[PDB]
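Q: My structure is below; once you've seen it, I'll send some questions.
Residue numbers (PDB author numbering): 5 to 160.
Structure below.
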């Protein structure tokens, strides 16, 4: 009846925590909270488990008035039966997810950008901003906001 969504990136450090925060935020804005059960973010690696997000991810969120509070956690096979949508940021995320995904598990694995439009507003792939600069985080924010809206528009 209610749906559960998980966002995934490589280290659950720069991108997916941002996707989770922005998505929770848009759901609020639109009064769709009743339609959701769980909204989380995980990383495929365990390198930043227990850590708070990249300070640039937090700064950008704060800059747009988006609340963010998260500690890194790693996706586990059990999660494939707990979420309706497991959303990756780039193709390498998707490759790893499809490999660990139990056959017959419930989760639909997709690229956040599968909800992108065919018009050039934003690039489809949400690129890793770690080696980039604050400008890359700002663009990730713009991308995620846009796909969050398309998702709410087309999936409910």
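Using N, Cα and C, we set each Cβ at its ideal position, and we do this for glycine too.
1) Per DSSP, which one or two residues make a beta bridge with residue 40?
2) On the DSSP bridge list, what partners appear for residue 92?
3) Give the secondary structure of residue 49 by DSSP, where H, G and I count as helix, E and B as strand, and everything else as coil.
4) Are the CB atoms of residue 113 and residue 147 nearer to each other than 9 angstroms?
5) Which residues share a DSSP beta bridge with residue 78?
6) Using a Cβ-Cβ cut-off of 8 angstroms (strictly less than) and excluding sequence neighbours within five positions of residue 78, which residues of its own chain qualify?
7) Indicate the three-state DSSP secondary structure (helix, strand or coil) for residue 137 in the structure shown.
8) Would residue 28 be called buried (16 or more neighbouring beta carbons within 10 Å of its own) or exposed?
A: Looking at the coordinates:
1) 7
2) 12 and 115
3) coil
4) no
5) 47
6) 16, 46, 47, 48, 49, 50 and 53
7) coil
8) buried
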